[PDB]
Each structure stands twice: as C-alpha cells, then as structure tokens.
$ cat target.cif   # mmCIF, N, CA and C atoms
data_query
#
loop_
_atom_site.label_atom_id
_atom_site.label_comp_id
_atom_site.auth_asym_id
_atom_site.auth_seq_id
_atom_site.Cartn_x
_atom_site.Cartn_y
_atom_site.Cartn_z
N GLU A 66 107.42 160.78 126.23
CA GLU A 66 108.03 160.86 127.58
C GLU A 66 109.02 162.03 127.67
N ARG A 67 108.80 162.95 128.60
CA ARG A 67 109.70 164.09 128.78
C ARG A 67 110.87 163.71 129.70
N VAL A 68 112.07 164.05 129.28
CA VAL A 68 113.27 163.82 130.08
C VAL A 68 113.86 165.13 130.55
N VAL A 69 114.38 165.20 131.76
CA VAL A 69 115.10 166.39 132.23
C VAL A 69 116.57 166.06 132.46
N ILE A 70 117.44 166.83 131.79
CA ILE A 70 118.88 166.64 131.93
C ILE A 70 119.41 167.90 132.62
N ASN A 71 119.93 167.71 133.80
CA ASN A 71 120.41 168.84 134.61
C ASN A 71 121.93 168.92 134.52
N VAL A 72 122.41 169.94 133.79
CA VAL A 72 123.87 170.07 133.66
C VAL A 72 124.28 171.18 134.62
N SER A 73 124.85 170.79 135.76
CA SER A 73 125.31 171.80 136.74
C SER A 73 124.28 172.87 137.02
N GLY A 74 123.01 172.48 137.16
CA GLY A 74 121.97 173.43 137.55
C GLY A 74 121.19 173.94 136.34
N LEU A 75 121.71 173.74 135.14
CA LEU A 75 121.03 174.26 133.94
C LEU A 75 120.18 173.12 133.39
N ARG A 76 118.86 173.25 133.41
CA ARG A 76 118.03 172.08 133.11
C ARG A 76 117.60 172.15 131.65
N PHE A 77 117.77 171.07 130.94
CA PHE A 77 117.38 170.90 129.57
C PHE A 77 116.23 169.87 129.53
N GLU A 78 115.30 170.08 128.62
CA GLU A 78 114.19 169.14 128.46
C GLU A 78 114.11 168.67 127.01
N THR A 79 113.86 167.37 126.86
CA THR A 79 113.68 166.82 125.52
C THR A 79 112.81 165.58 125.59
N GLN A 80 112.53 164.98 124.44
CA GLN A 80 111.75 163.73 124.47
C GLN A 80 112.69 162.53 124.52
N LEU A 81 112.32 161.43 125.17
CA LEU A 81 113.14 160.23 125.07
C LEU A 81 113.44 159.87 123.63
N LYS A 82 112.45 159.97 122.74
CA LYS A 82 112.64 159.54 121.35
C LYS A 82 113.77 160.32 120.68
N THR A 83 113.88 161.60 121.09
CA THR A 83 114.95 162.45 120.58
C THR A 83 116.33 161.90 120.93
N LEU A 84 116.53 161.44 122.17
CA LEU A 84 117.84 160.91 122.53
C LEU A 84 118.06 159.53 121.89
N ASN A 85 117.00 158.73 121.83
CA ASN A 85 117.17 157.35 121.40
C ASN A 85 117.49 157.21 119.92
N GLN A 86 117.34 158.28 119.14
CA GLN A 86 117.71 158.15 117.73
C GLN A 86 119.19 157.86 117.56
N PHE A 87 120.04 158.12 118.53
CA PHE A 87 121.46 157.78 118.46
C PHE A 87 121.88 156.87 119.61
N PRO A 88 121.52 155.59 119.51
CA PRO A 88 121.70 154.62 120.55
C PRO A 88 123.13 154.33 120.96
N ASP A 89 124.09 154.55 120.08
CA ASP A 89 125.49 154.33 120.38
C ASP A 89 126.14 155.61 120.90
N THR A 90 125.45 156.33 121.78
CA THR A 90 126.05 157.49 122.43
C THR A 90 125.74 157.33 123.93
N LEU A 91 126.27 158.17 124.79
CA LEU A 91 125.91 158.05 126.23
C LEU A 91 124.43 158.31 126.44
N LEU A 92 123.91 159.44 125.97
CA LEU A 92 122.54 159.83 126.26
C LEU A 92 121.52 158.99 125.49
N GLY A 93 121.99 158.32 124.42
CA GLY A 93 121.07 157.51 123.63
C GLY A 93 120.98 156.06 124.14
N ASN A 94 121.83 155.71 125.08
CA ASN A 94 121.89 154.35 125.62
C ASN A 94 121.42 154.30 127.06
N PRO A 95 120.29 153.67 127.32
CA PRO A 95 119.72 153.65 128.67
C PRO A 95 120.73 153.16 129.70
N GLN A 96 121.49 152.13 129.34
CA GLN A 96 122.44 151.58 130.31
C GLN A 96 123.52 152.58 130.71
N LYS A 97 123.87 153.49 129.79
CA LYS A 97 124.90 154.48 130.13
C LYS A 97 124.24 155.66 130.82
N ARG A 98 123.15 156.17 130.25
CA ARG A 98 122.58 157.39 130.82
C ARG A 98 122.02 157.14 132.22
N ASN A 99 121.57 155.89 132.46
CA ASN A 99 120.96 155.66 133.79
C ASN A 99 121.97 155.71 134.92
N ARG A 100 123.27 155.62 134.61
CA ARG A 100 124.28 155.80 135.63
C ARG A 100 124.27 157.22 136.20
N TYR A 101 123.64 158.16 135.48
CA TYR A 101 123.62 159.56 135.87
C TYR A 101 122.24 159.97 136.37
N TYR A 102 121.34 158.98 136.54
CA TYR A 102 120.00 159.28 137.07
C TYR A 102 120.06 159.69 138.53
N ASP A 103 119.33 160.73 138.89
CA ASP A 103 119.21 161.26 140.24
C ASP A 103 117.81 160.93 140.75
N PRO A 104 117.71 159.92 141.61
CA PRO A 104 116.40 159.45 142.05
C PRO A 104 115.66 160.48 142.87
N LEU A 105 116.35 161.38 143.55
CA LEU A 105 115.69 162.37 144.41
C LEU A 105 114.90 163.35 143.54
N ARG A 106 115.47 163.69 142.37
CA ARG A 106 114.94 164.78 141.56
C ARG A 106 114.35 164.30 140.24
N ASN A 107 114.46 163.01 139.93
CA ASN A 107 113.88 162.48 138.70
C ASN A 107 114.44 163.24 137.48
N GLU A 108 115.77 163.31 137.43
CA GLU A 108 116.44 163.96 136.30
C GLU A 108 117.76 163.24 136.08
N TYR A 109 118.47 163.55 135.00
CA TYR A 109 119.81 163.03 134.81
C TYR A 109 120.80 164.13 135.18
N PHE A 110 121.74 163.88 136.08
CA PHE A 110 122.64 164.96 136.47
C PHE A 110 124.07 164.76 135.95
N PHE A 111 124.56 165.86 135.31
CA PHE A 111 125.97 165.91 134.92
C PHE A 111 126.63 167.13 135.55
N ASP A 112 127.70 166.93 136.29
CA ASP A 112 128.47 167.98 136.95
C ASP A 112 129.57 168.47 135.99
N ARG A 113 129.08 169.07 134.90
CA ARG A 113 129.93 169.37 133.74
C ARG A 113 129.66 170.75 133.14
N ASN A 114 130.52 171.09 132.14
CA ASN A 114 130.39 172.37 131.46
C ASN A 114 128.99 172.66 130.93
N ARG A 115 128.49 173.86 131.23
CA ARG A 115 127.15 174.24 130.84
C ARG A 115 126.99 174.72 129.40
N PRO A 116 127.78 175.69 128.97
CA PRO A 116 127.54 176.27 127.63
C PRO A 116 127.73 175.26 126.52
N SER A 117 128.49 174.19 126.70
CA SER A 117 128.65 173.16 125.68
C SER A 117 127.33 172.41 125.43
N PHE A 118 126.50 172.27 126.49
CA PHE A 118 125.40 171.31 126.31
C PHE A 118 124.35 171.76 125.31
N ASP A 119 124.16 173.04 125.04
CA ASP A 119 123.22 173.45 123.99
C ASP A 119 123.51 172.69 122.70
N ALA A 120 124.80 172.57 122.38
CA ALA A 120 125.22 171.90 121.15
C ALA A 120 125.12 170.39 121.24
N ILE A 121 125.31 169.81 122.42
CA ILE A 121 125.17 168.36 122.61
C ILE A 121 123.72 167.98 122.38
N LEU A 122 122.78 168.73 122.97
CA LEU A 122 121.38 168.36 122.73
C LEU A 122 120.98 168.62 121.30
N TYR A 123 121.47 169.71 120.70
CA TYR A 123 121.06 170.05 119.33
C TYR A 123 121.56 168.98 118.35
N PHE A 124 122.65 168.30 118.69
CA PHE A 124 123.14 167.18 117.90
C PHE A 124 122.03 166.16 117.71
N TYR A 125 121.28 165.85 118.78
CA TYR A 125 120.15 164.93 118.64
C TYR A 125 118.96 165.54 117.93
N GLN A 126 118.62 166.78 118.24
CA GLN A 126 117.43 167.41 117.67
C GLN A 126 117.54 167.60 116.16
N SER A 127 118.76 167.85 115.71
CA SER A 127 119.02 168.18 114.31
C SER A 127 119.30 166.93 113.49
N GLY A 128 119.30 165.76 114.10
CA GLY A 128 119.61 164.53 113.36
C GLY A 128 121.11 164.40 113.09
N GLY A 129 121.96 165.03 113.88
CA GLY A 129 123.37 164.70 113.89
C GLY A 129 124.26 165.83 113.44
N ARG A 130 123.77 167.06 113.43
CA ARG A 130 124.62 168.22 113.16
C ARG A 130 125.37 168.63 114.42
N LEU A 131 126.70 168.58 114.36
CA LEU A 131 127.55 168.93 115.48
C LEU A 131 128.18 170.30 115.26
N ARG A 132 127.89 171.27 116.10
CA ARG A 132 128.35 172.63 115.99
C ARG A 132 128.84 173.19 117.31
N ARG A 133 130.11 173.58 117.40
CA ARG A 133 130.59 174.23 118.63
C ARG A 133 129.99 175.61 118.78
N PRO A 134 129.44 175.94 119.95
CA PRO A 134 129.03 177.30 120.26
C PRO A 134 130.23 178.23 120.24
N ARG A 135 130.07 179.42 119.65
CA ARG A 135 131.26 180.24 119.42
C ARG A 135 131.87 180.68 120.75
N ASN A 136 131.03 180.79 121.78
CA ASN A 136 131.48 181.19 123.10
C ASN A 136 132.24 180.12 123.87
N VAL A 137 132.39 178.92 123.35
CA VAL A 137 133.03 177.81 124.05
C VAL A 137 134.36 177.50 123.35
N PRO A 138 135.45 177.53 124.09
CA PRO A 138 136.76 177.19 123.57
C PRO A 138 136.85 175.80 122.99
N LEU A 139 137.62 175.68 121.90
CA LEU A 139 137.86 174.41 121.23
C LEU A 139 138.21 173.29 122.19
N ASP A 140 139.11 173.54 123.14
CA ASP A 140 139.59 172.43 123.96
C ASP A 140 138.42 171.99 124.88
N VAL A 141 137.73 173.01 125.38
CA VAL A 141 136.60 172.66 126.31
C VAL A 141 135.58 171.82 125.56
N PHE A 142 135.20 172.28 124.35
CA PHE A 142 134.15 171.56 123.63
C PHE A 142 134.61 170.19 123.20
N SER A 143 135.88 170.02 122.77
CA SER A 143 136.32 168.69 122.35
C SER A 143 136.18 167.67 123.49
N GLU A 144 136.47 168.09 124.71
CA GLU A 144 136.42 167.14 125.83
C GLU A 144 134.98 166.70 126.07
N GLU A 145 134.06 167.63 125.85
CA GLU A 145 132.64 167.26 126.06
C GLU A 145 132.16 166.28 125.01
N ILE A 146 132.47 166.50 123.70
CA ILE A 146 131.95 165.57 122.71
C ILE A 146 132.50 164.17 122.98
N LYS A 147 133.74 164.07 123.47
CA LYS A 147 134.31 162.77 123.82
C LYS A 147 133.57 162.12 124.98
N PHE A 148 133.26 162.91 126.00
CA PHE A 148 132.52 162.40 127.19
C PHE A 148 131.15 161.86 126.81
N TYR A 149 130.40 162.63 126.01
CA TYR A 149 129.08 162.24 125.54
C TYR A 149 129.08 161.16 124.48
N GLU A 150 130.27 160.74 124.04
CA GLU A 150 130.43 159.61 123.12
C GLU A 150 129.66 159.79 121.83
N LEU A 151 129.81 160.95 121.18
CA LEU A 151 129.01 161.23 120.00
C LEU A 151 129.46 160.40 118.79
N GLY A 152 130.61 159.75 118.90
CA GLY A 152 130.98 158.74 117.88
C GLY A 152 132.01 159.29 116.89
N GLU A 153 132.77 158.38 116.29
CA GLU A 153 133.87 158.72 115.41
C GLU A 153 133.44 159.51 114.19
N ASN A 154 132.36 159.13 113.54
CA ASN A 154 131.86 159.87 112.39
C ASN A 154 131.64 161.34 112.73
N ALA A 155 130.99 161.65 113.86
CA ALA A 155 130.73 163.05 114.17
C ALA A 155 132.05 163.75 114.53
N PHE A 156 132.90 163.01 115.23
CA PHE A 156 134.18 163.57 115.66
C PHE A 156 135.04 163.92 114.45
N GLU A 157 134.99 163.09 113.42
CA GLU A 157 135.64 163.41 112.15
C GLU A 157 135.09 164.67 111.51
N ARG A 158 133.76 164.77 111.40
CA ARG A 158 133.15 165.96 110.80
C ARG A 158 133.56 167.20 111.58
N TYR A 159 133.69 167.03 112.90
CA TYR A 159 134.03 168.19 113.74
C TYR A 159 135.49 168.61 113.52
N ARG A 160 136.38 167.63 113.50
CA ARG A 160 137.80 167.92 113.29
C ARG A 160 138.01 168.65 111.97
N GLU A 161 137.36 168.15 110.93
CA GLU A 161 137.37 168.81 109.63
C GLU A 161 136.89 170.25 109.76
N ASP A 162 135.73 170.47 110.37
CA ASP A 162 135.19 171.82 110.44
C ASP A 162 136.09 172.76 111.22
N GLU A 163 136.83 172.23 112.19
CA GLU A 163 137.63 173.07 113.06
C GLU A 163 139.08 173.22 112.55
N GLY A 164 139.45 172.43 111.56
CA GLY A 164 140.84 172.42 111.10
C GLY A 164 141.52 171.06 111.27
N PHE A 165 141.94 170.77 112.49
CA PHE A 165 142.66 169.55 112.83
C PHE A 165 141.83 168.31 112.55
#

$ encode --input "target.cif" --output "structure tokens"
Amino acid sequence: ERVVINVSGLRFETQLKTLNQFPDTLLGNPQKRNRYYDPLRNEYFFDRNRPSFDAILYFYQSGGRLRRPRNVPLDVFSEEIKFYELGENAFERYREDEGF
C-alpha cells in the first residue's frame, strides 16, 4: 500500500509497512496519523517544516537511524522529532550525537 505524506506541499511517498515498523510513533500509529488524513486529496497533511522531514522518513526506512540534515538548525529539528514522537531511545541517541 502506497502512502502519501504532504508536508507543506512537499509530498513524500512510502509503503505502509515502512511506517508500521515503529508503532509507538505518530506516523506508525493509525489512530494518531489518521488525525492528519486529508479526505479531499487522499494524503496525510502536516503544516510543518519541510527540510526536517527527509530525516523523519529516513528514520523509518533505515530501521531507526536518526540524523539531522546539516541544513536544518538544531532547535528546529529537535521540535520536529518531538512532534513525530520518535521515542525516548531515539531522542537519547540524538542528544548524544549532538552534544546535549
């Protein structure tokens, strides 16, 4: 099943199975992600930062590697990982990699 995630006009495509590998996150939990479903366009819409999302999706594709894009400021990216609920374990790995 192909899913389309529209982040402020920037459309990302992935498989449902890819998101569902991490069920305790926003995008991995149907009950949470369906709050962002857009029935007109058959996509999930987030009115949020665009350059961060490459790394949010890659977190799922890579089996849980969390990497800030160099072009995205630390504060901007931290707020996104919290919104997407990537979980304490990943947040710890990220804090370590970034310093704090």

$ closest_residue --input "target.cif" --among "A:118, A:102, A:77, A:159" --to "residue A:145" --atoms "only C-alpha atoms"
A:118

$ atom_distance --input "target.cif" --atom1 "atom C of residue A:137" --atom2 "atom N of residue A:164"
13.8 Å

$ axis_aligned_box --input "target.cif" --around "stretch 143-150 of chain A" --padding-each-side "4 Å" --output "JSON"
{"center_x": 132.8, "center_y": 164.8, "center_z": 124.5, "size_x": 15.4, "size_y": 18.4, "size_z": 13.4}

$ atom_distance --input "target.cif" --atom1 "atom N of residue A:107" --atom2 "atom N of residue A:69"
8.5 Å

$ residues_near_point --input "target.cif" --point "(110.8, 162.2, 125.9)" --cutoff "6 Å" --atoms "all atoms listed in the file" --output "number ranges by chain"
A: 66-68, 79-83

$ residues_around --input "target.cif" --residues "residue A:151" --least-positions-apart "6" --cutoff "8 Å" --atoms "only C-alpha atoms" --output "VMD selection string"
chain A and resid 89 to 91

$ atom_distance --input "target.cif" --atom1 "atom CA of residue A:142" --atom2 "atom CA of residue A:105"
29.3 Å

$ select_by_dssp --input "target.cif" --residues "chain A" --states "strand (DSSP E or B)" --output "number ranges by chain"
A: 67-72, 75-80, 102-103, 108-111

$ closest_residue --input "target.cif" --among "A:117, A:94, A:71, A:127" --to "residue A:146" --atoms "all atoms listed in the file"
A:117

$ closest_residue --input "target.cif" --among "A:158, A:125, A:99, A:104" --to "residue A:87" --atoms "all atoms listed in the file"
A:125

$ resolve_selection --input "target.cif" --expression "the PyMOL selection byres ((chain A and resi 133) around 8)" --output "number ranges by chain"
A: 117, 120-121, 130-132, 134-139, 142-143, 159

$ select_by_dssp --input "target.cif" --residues "chain A" --states "alpha helix (DSSP H)" --output "PyMOL selection string"
chain A and resi 81-85+95-98+118-126+139-148+153-163

$ closest_residue --input "target.cif" --among "A:141, A:147, A:126, A:97" --to "residue A:84" --atoms "only N, CA and C atoms"
A:126

$ resolve_selection --input "target.cif" --expression "the PyMOL selection byres ((chain A and resi 113) around 6.5)" --output "list in words"
residues 72, 73, 111, 112, 114 and 115 of chain A

$ closest_residue --input "target.cif" --among "A:119, A:110, A:165, A:124" --to "residue A:98" --atoms "only N, CA and C atoms"
A:110
